[PDB]
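Next come the chains, spelled out residue by residue.
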Amino acid sequence: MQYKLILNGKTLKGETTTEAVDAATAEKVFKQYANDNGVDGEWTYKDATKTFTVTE
């Protein structure tokens, strides 16, 4: 499924997607994508719109 990630912060902001087979994999990959770009923050997940949010 296409999961989404929303980024709120100053180091990084905007939206990005990933095709992952479930929400555990999608979570390892988005958190990898955040560490790549310097992002440290708090995470929510919303199984109803398959969407992750991280806010710095």
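Structure determination for this entry is recorded as X-ray crystallography, at 2.4 Å resolution.

Under the annotation held in the PDB entry, the protein carries the name Immunoglobulin G-binding protein G and is attributed to Streptococcus sp. group G.

Caption draft 1: Just the pairing of strand 3 (residues 42-46), in detail. Summarising the sheet, strand 3 and strand 4 (residues 51-55) pair through five bridges and their orientation is antiparallel. The residue bridging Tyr45 from the neighbouring strand is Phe52, located in strand 4.

Caption draft 2: The arrangement of the nonpolar core in detail. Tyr3, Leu5, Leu7, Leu12, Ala20, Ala23, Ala26, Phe30, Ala34, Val39, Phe52 and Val54 form the largest nonpolar core, which has twelve residues in total. Of all the elements in the fold, those that place two or more residues in this core are strand 1 (2-8), helix 1 (23-36) and strand 4. The leading source of residues in this core is helix 1, at four residues. Look past the residues within four positions of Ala34 in its chain and what remains in contact with it is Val39 and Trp43.

Caption draft 3: Geometry of the sheet that holds strand 1. Overall, mixed pairing links the four strands, which are arranged 2-1-4-3 in an open sheet. Two strands in the sheet have a free side with no partner beyond their single neighbour: strand 2 (14-19) and strand 3. Between one strand axis and the next, the sheet turns through 20° on average, direction left out of account. Of the pairings in the sheet, the one linking strand 1 to strand 2 comprises six bridges and is antiparallel in character.

What counts, and where the lines are drawn
Residues numbered from 1 in each chain as written, not as in the entry; some residues may be left out. Heavy atoms only, no water. Pairing = 2+ DSSP bridges. Helix = DSSP H or I, 4+ residues; strand = E, 2+ residues; numbered from the N terminus. Core = buried A, V, L, I, M, F, W, Y, C linked by side-chain atoms within 4.5 Å. Buried < 20%, exposed > 50% of the residue type's maximum accessible area, 1.4 Å probe, protein only. Contact = heavy atoms within 4.5 Å. Axes fitted to C-alpha atoms, helices over the stretch in contact; angles between N-to-C directions.

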